[PDB]
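Protein chains in written order, with the deposited numbering: chain A, 22 to 736; chain A', 22 to 736. A prime marks a further copy of an entry chain. The beta-carbon is built from N, C-alpha and C at its ideal position, and this holds for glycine as well. For reference, the structure is listed below as structure tokens.
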Ligand SMILES: N[C@@H](CC(=O)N1CCn2c(nnc2C(F)(F)F)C1)Cc1cc(F)c(F)cc1F
Ligand SMILES: N[C@@H](CC(=O)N1CCn2c(nnc2C(F)(F)F)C1)Cc1cc(F)c(F)cc1F
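Laid out in structure tokens, this is it:
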């Protein structure tokens with residue numbers, strides 16, 4: 022019966038027990054994980070779940086200068102560990118860290134804990150270090166150049182590129198927009214030979230600069246800025262501006278000759294990935310055109326420079342970013358996820374580019390390709406075949422027989438062993454916070470490592486609202502999925518205020534059979550009905566449902582949020598005059614769109630870190646859905662929150678971080694002044710030195726307290 | 022009985038009729054004024070108030086390319102008019118304008134309207150043009166250099182200085198901080214000879230730069246910034262940073278030789294003014310030290326460069342800026358306002374520097390010295406001898422007899438004729454919006470030009486709260502003046518919420534017997550008791566009362582605002598739990614100080630454009646009261662709103678303009694983050710591209726609507 026406390030939510034007091042840093046060892050029988058302390062790396066058996074041994078310990082390693090470590094990686098051989106310390110984030114995926122090599126060699130007592138640890142580099146902190154296939158070399162990036170460490174040669178460090186320059190030329194790591202929008206941090210590969218390095222070189226010299234102020238602030242304090250403010254500058258192309266010029270280069274480890282691949286790509290095209298195949302003489306180069314609807318897979322010869330078109334996959338809309346990391350190479354074959362038939366499905370290709378078979382078919386979506394077992398010819402993947410709200414692990418055999426491997430319905434995230442014999446399963450649903458099991462490739466639970474019983478017990482003493490799923494029919498006959506969360510004291514006799522939550526961005530889903538206690542859960546415990554509906558444009562229901570928004574985003578999503586409010590307003594326990602809506606990022610943009618759709622259904626709303634005109638956002642994301650402002654002028658105008666701002670109805674709170682390198686604070690500053698000149702009253706909360714995550718010290722608690730009080734006062 | 026409408030207040034619908042651009046002509050019998058149209062300049066008699074003639078008309082002037090004009094100036098002779106068009110503000114006092122010379126020569130019909138108008142310069146817009154004593158030359162500034170126009174030589178334009186450079190060297194106009202804090206826009210003078218030009222040269226090259234973003238915005242839209250924002254940069258030294266290096270230079274009109282005056286000034290001193298005397302060979306140079314408590318008046322020879330100390334005036338606190346423009350030169354004598362005896366009083370000096378007499382004495386303050394009539398030896402000035410709430414015009418004869426010239430008690434602002442024979446009087450009090458009379462130097466009303474009867478009649482239909490003055494005693498026995506404004510329906514039976522308004526800055530006063538209808542008046546008509554009290558630190562009551570705050574500003578002012586709230590809270594018609602406070606500029610800073618003084622008396626407050634730590638503010642103002650941060654570390658800490666922020670009590674709204682070149686938006690951004698990390702909830706309203714005035718298009722209406730709703734919701 023006690024009441025949830027927001028501070029418990031924001032401080033993560035109900036964060037379920039989990040396992041971090043799980044890496045399948047090459048042997049195929051074992052996995053390693055990080056200790057909770059962050060001070061040990063411990064080996065375990067997939068088959069039994071038994072602790073085999075502690076392989077690494079900060080208090081039991083020689084010349085180890087760090088107290089805790091952040092992350093780690095095994096050499097492909099299994100004899101060395103690359104360990105990262107002092108991890109310093111740059112953008113969402115990039116960071117520097119001081120890395121260390123730890124050899125896994127047994128001593129006189131047969132233990133791997135008393136070895137000596139070698140600083141990976143006597144120079145400065147490193148980016149994206151990667152082992153060569155034999156484990157004898159590590160390539161890394163620092164100051165936008167590539168460096169090579171030869172472990173057989175005294176950790177011999179050589180400099181591969183000399184033209185790296187800040188805000189000008191990047192070697193082996195992507196620029197801001199590629200990193201954010203193709204979702205990756207490394208373009209740096211070794212050949213199966215161990216003889217060649219391949220990398221993408223980004224020339225962003227003629228990409229526009231963007232700069233915003235930095236104040237001293239607090240948590241952290243930037244002390245040089247105590248009296249006079251400073252600034253942050255970086256390359257960021259807005260919609261329709263020029264992107265980096267990119268090319269693929271190779272470096273011959275024994276020769277030291279650098280070569281450029283002769284890739285026939287459009288001047289304004291992209292190279293979202295490179296990947297060495299299992300063939301030593303074949304480097305996969307993935308390329309898109311600027312409209313992002315033609316994916317061309319090339320095989321480049323790292324020595325001759327010759328590039329051969331292997332596959333062309335085309336769309337009347339666009340190719341999604343998630344395809345690229347589902348391309349896995351094997352001696353004679355490779356996988357490909359494609360939406361050609363209207364659903365995300367798995368295709369199996371020969372290494373000549375020749376379609377062997379369509380592995381999955383049906384009106385469901387494959388989410389991830391987990392791997393192929395050559396022993397039986399069988400494919401492992403996750404999908405939502407059960408329902409768009411769920412994900413389960415599946416196996417399809419060589420003849421086409423499908424078996425679902427998950428024991429329980431909800432959200433199943435598997436991490437397979439090297440051999441596909443075993444997998445670790447992390448599971449949740451609305452009622453299960455986390456349950457971690459070890460399973461074999463038939464689905465049998467070999468061991469239950471974590472059940473989160475202690476969490477359930479602690480929770481037992483609190484009065485927890487419960488989510489329930491529901492569907493309803495829009496006025497044009499579309500089924501929408503949503504969840505509804507009612508106070509634990511709910512009465513059909515009483516009428517209640519409503520808080521709608523949504524994200525609503527292309528391909529996204531927030532209606533998922535998974536567990537959480539969030540700020541929404543807290544709102545529900547304060548007496549609100551909290552509802553979340555995934556409108557048109559969201560993922561999991563195939564291409565037509567997702568991409569009906571193409572060239573004019575936000576409009577259809579906004580009507581479906583208005584339709585959701587009308588439907589709630591008809592319910593006898595809902596006070597239609599007290600309906601609020603909020604969201605963050607695309608969700609904040611959708612709050613503005615929805616509150617100014619024309620039907621005055623919302624009393625109040627909060628838009629956090631909201632884009633307000635798509636011309637302020639970046640090239641790769643915006644153009645994927647909208648093309649450029651010059652090709653799609655009317656679409657940009659119609660998708661803009663500015664155009665419909667005179668119909669804004671309800672009390673609005675705009676929240677933004679002033680150091681947002683993702684949705685620039687420009688969005689909020691320009692939109693607010695439009696609102697001022699229209700005579701619309703609204704409220705603001707701007708956060709000094711905060712980015713798109715708005716976090717730091719007491720910031721999140723402060724922010725959710727502000728949102729709580731805003732809806733308490735306006736609903 | 023109708024209700025005031027805020028939109029009428031912000032659109033200036035009750036702005037009293039007045040007269041603009043009143044200039045006393047040299048003859049001493051006449052004044053000129055601008056038409057309301059802005060299209061005519063019309064001559065009138067002081068003696069009779071009769072219209073003599075229209076001297077200038079846009080529709081009746083030849084080769085006149087403008088529809089309206091902004092301002093105008095007469096040649097010292099009376100034969101030419103310098104007229105300004107296209108006035109473009111830069112800071113509070115500086116602007117560029119395209120000027121035109123119009124000769125006042127009669128035609129065949131005897132009229133001055135059909136003449137030809139000459140563009141003052143074929144080059145670009147000009148700054149601070151000034152006539153030579155004979156009227157044959159005009160000096161002006163453009164692009165930080167001095168130019169000379171010789172009207173007897175075909176409007177011959179020559180360039181006096183060649184080293185002017187933006188953000189580097191200014192000739193003849195002050196930098197940002199001198200302009201704002203010594204209150205002037207021109208350091209450019211001709212000798213009585215008409216033979217020499219003198220000017221101050223500002224070298225701000227080593228003053229720090231400050232930059233803030235500019236967005237496109239609206240009203241005005243900055244169209245180049247529609248996609249990518251820009252910035253504004255200028256020189257602005259914060260407290261304790263270096264000021265411009267300054268010197269006085271002269272240019273020999275016939276010789277073209279430039280010379281530097283040998284002024285013995287401290288390295289870090291100021292030259293707040295230069296002024297040519299009635300002696301052709303004597304240039305007054307006014308200088309302060311950096312502590313601003315030693316005013317040294319020098320007489321410089323423009324040819325020999327030799328400078329002679331004429332007067333030293335010293336203070337244990339500081340010399341106020343208002344003294345400099347009260348120094349008026351005569352053939353054998355000059356005036357000086359000084360606070361040496363503890364009150365602002367008028368002193369009469371010989372031109373050798375030798376005190377002839379103390380003209381005024383008593384425990385009241387002289388506000389302005391209006392002039393000296395040599396015929397009777399008599400002095401004209403304004404003072405508050407009646408009460409700190411009032412100002413009247415006074416005359417003191419050669420033998421010491423004093424006569425008060427004003428007919429009515431309240432606020433009397435006089436503009437004397439060249440000869441001191443007549444003056445124009447603008448008058449108001451709590452009940453008189455504006456009454457404009459013409460009076461002779463005994464006080465007799467010769468004519469009443471304006472009575473604002475129409476305004477009174479329009480007002481008659483509205484229900485107007487009325488101000489009344491009051492005093493009360495603080496707990497340490499100090500008498501404070503305040504005004505109280507109650508709703509027109511006031512009842513002693515009812516209990517009411519309170520809105521306190523204050524400015525509270527050193528030497529300022531808001532409790533004045535003068536007329537206005539403001540946002541406060543609107544709040545009163547919505548059912549609030551609105552109170553304003555001038556606490557310790559404010560002006561008009563002598564040096565001890567004003568400067569008891571020296572070296573630790575804000576603390577004492579804040580206690581007196583808390584004492585005002587306690588006193589109001591004891592009244593039976595005041596609900597002590599519903600007391601709010603607000604202010605703008607220093608008044609916004611005082612809102613924070615007062616709301617975090619420690620006694621939790623305020624329910625809510627609004628701080629507009631508030632300084633929050635004095636180290637963020639500029640050198641001349643801050644140091645006048647606080648010296649530098651390095652000399653007064655503990656004083657800066659104790660005056661800071663940051664230090665006491667943990668005691669903030671009540672709901673706060675912070676309002677700021679993001680392009681504030683005066684109180685940088687840094688103040689608000691740094692303070693808000695301090696509040697976030699302390700866990701204090703507050704509200705914000707930031708205004709894109711707005712300066713310290715926060716105005717533009719619908720901005721003011723939007724802003725006062727926001728303040729109204731904030732107190733309505735929190736009180
Ligand atoms: N910038 C966008 C990034 C994104 O949408 N994807 C990149 C990463 N990704 C995606 N799909 N899978 C992956 C990942 F697995 F690589 F991470 C799509 C997200 C995003 C959308 C907005 F409208 C906005 F205002 C801010 C914002 F940060
Ligand atoms: N910057 C200050 C200027 C001033 O106080 N004087 C300059 C002009 N002046 C004065 N006294 N007479 C005159 C004038 F007649 F010259 F105008 C004093 C005003 C001021 C005080 C603050 F705390 C602040 F946060 C902003 C701000 F703009």
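For residue 705(A), list the residues DSSP reports as bridge partners.
BP columns for residue 705(A) point to 675(A) and 705(A').
If you measure beta-carbon to beta-carbon, which residues of the region 692-703 of chain A' are closer than 8 angstroms to chain A?
So the list reads 693, 694, 695, 697, 698, 699, 700 and 702, given in the order they occur along the chain.
Per DSSP, which residues does residue 335(A') bridge with? Please list them.
Answer is 315(A').
Using the three-state DSSP reduction, which class does residue 444(A) fall into: helix, strand or coil?
Three-state result, residue 444(A): strand.
Return the chain-ordered ranges of every alpha helix (DSSP H) run that is complete within the region 505-578 of chain A and spans a minimum of 4 residues.
Those alpha helix (DSSP H) runs which fall completely within the region 505-578 of chain A and span 4+ residues are 540-546 and 564-568.
Pick helix, strand or coil for residue 85(A'), following the three-state DSSP scheme.
If DSSP states are grouped into helix, strand and coil, residue 85(A') belongs with coil.
Does any heavy atom of ligand 2 sit closer than 6 angstroms to the C-beta of residue 683(A')?
Yes - ligand 2 has a heavy atom lying nearer than 6 angstroms to the Cβ of residue 683(A').
List, in order along the chain, the chain A' residues whose C-beta lies closer than 7 angstroms to that of residue 726(A)?
Here the neighbours are 702.
Any heavy atom of ligand 1 within a distance shorter than 6 angstroms of the CB on residue 201(A)?
Result yes, Cβ under 6 angstroms from ligand 1.
Can you tell me whether residue 257(A') is helix, strand or coil according to DSSP?
Coil.
Would you mind working out which of 377(A), 256(A), 50(A) and 663(A) sits nearest residue 230(A), comparing C-alpha positions?
Taking only the C-alpha atoms, the option nearest residue 230(A) is 256(A).
Strictly under 7 angstroms for the Cβ-Cβ distance: is residue 461(A) near chain A' by that measure?
False, the Cβ-Cβ gap to chain A' never drops below 7 angstroms.
Per the contact definition of three or more C-beta pairs closer than 8 angstroms, is the region 131-149 of chain A in contact with the region 159-167 of chain A?
Result yes; three or more Cβ-Cβ pairs closer than 8 angstroms.
Residue 42(A) and residue 61(A): beta carbons closer than 7 angstroms?
Not in contact: residue 42(A) and residue 61(A) (Cβ atoms no closer than 7 angstroms).
May I ask you to check if the CB of residue 606(A) is nearer than 6 angstroms to at least one heavy atom of ligand 1?
True, at least one ligand heavy atom lies under 6 angstroms from that Cβ.
Taking the beta strand (DSSP E) that residue 660(A) falls in, what are its first and last residues?
No beta strand (DSSP E) holds residue 660(A); the alpha helix (DSSP H) holding it covers 654-660.
For residue 435(A), which residues does DSSP report across the bridge?
Bridge partners of residue 435(A): 446(A).
Nearest-angstrom Cα distance between residue 363(A') and residue 674(A')?
If I take the Cα positions, the gap works out to 39 angstroms.
Enumerate in chain order the residues of its own chain whose CB-to-CB distance from residue 405(A') is below 7 angstroms, with the five nearest sequence positions on each side excluded.
Counting only Cβ-Cβ distances below 7 angstroms, and skipping sequence neighbours, we find 385, 386, 388, 411, 412 and 561.
State yes or no: is the C-beta of residue 321(A') within less than 7 angstroms of the C-beta of residue 304(A')?
The answer is yes: Cβ separation under 7 angstroms.
For residue 553(A), count neighbouring C-beta atoms within 10 Å of its own C-beta (all shown protein chains included) and say buried if the count is 16 or more, exposed if not.
Buried, by the Cβ-count rule.
Use the C-beta contact count for residue 32(A): other C-beta atoms within 10 angstroms, 16 or more gives buried, fewer gives exposed.
Exposed.
Report buried or exposed for residue 424(A), applying the criterion of at least 16 other Cβ atoms within 10 angstroms of its Cβ.
So residue 424(A) ends up on the exposed side.
Is residue 342(A) a contact residue of ligand 1, with contact defined as CB to any heavy atom under 6 angstroms?
Result yes, Cβ under 6 angstroms from ligand 1.
Could you check what DSSP says for residue 644(A) in three-state terms: helix, strand or coil?
DSSP places residue 644(A) in helix when its eight states are reduced to three.
Could you please give the first and the last residue of the uninterrupted alpha helix (DSSP H) stretch that includes residue 308(A')?
Per DSSP, residue 308(A') belongs to no alpha helix (DSSP H); it is in the beta strand (DSSP E), 304-309.
Is residue 340(A) helix, strand or coil when you go by DSSP?
Residue 340(A) falls in the coil class under three-state DSSP.
Is there at least one non-hydrogen atom of ligand 1 closer than 6 angstroms to the beta-carbon of residue 632(A)?
Yes, ligand 1 has a heavy atom inside 6 angstroms of this Cβ.
Among 194(A), 594(A), 415(A) and 111(A), which has the Cα closest to the Cα of residue 432(A)?
Checking every option, the nearest Cα to that of residue 432(A) belongs to 415(A).
Measuring straight from C-alpha to C-alpha, what distance separates residue 392(A') and residue 351(A')?
Roughly 10 angstroms separates the two Cα atoms.
Say whether the region 313-330 of chain A' touches the region 518-535 of chain A', bearing in mind that this needs 3 or more beta-carbon pairs closer than 8 angstroms, one atom from each stretch.
No, the region 313-330 of chain A' does not touch the region 518-535 of chain A'.
Can you confirm whether residue 718(A'), when its beta carbon is compared against all beta carbons of chain A, has any partner nearer than 7 angstroms?
Judged by the 7 angstroms Cβ criterion, residue 718(A') is in contact with chain A.
For residue 220(A'), which of 235(A'), 253(A'), 246(A') and 307(A') has the nearest alpha-carbon?
The candidate whose alpha carbon is nearest that of residue 220(A') is 307(A').
For the region 246-278 of chain A', enumerate the residues whose C-beta is nearer than 7 angstroms to any C-beta of chain A, in chain order.
Residues 248, 249, 250 and 259.
Where DSSP assigns a beta bridge to residue 124(A'), which residues make up the other side?
Note: residue 124(A') sits in a beta bridge opposite 101(A').
By Cβ distance below 6 angstroms, which residues in the same chain neighbour residue 394(A) in space, the five residues on each side in sequence not counted?
So the list reads 441, once near-sequence residues are dropped.
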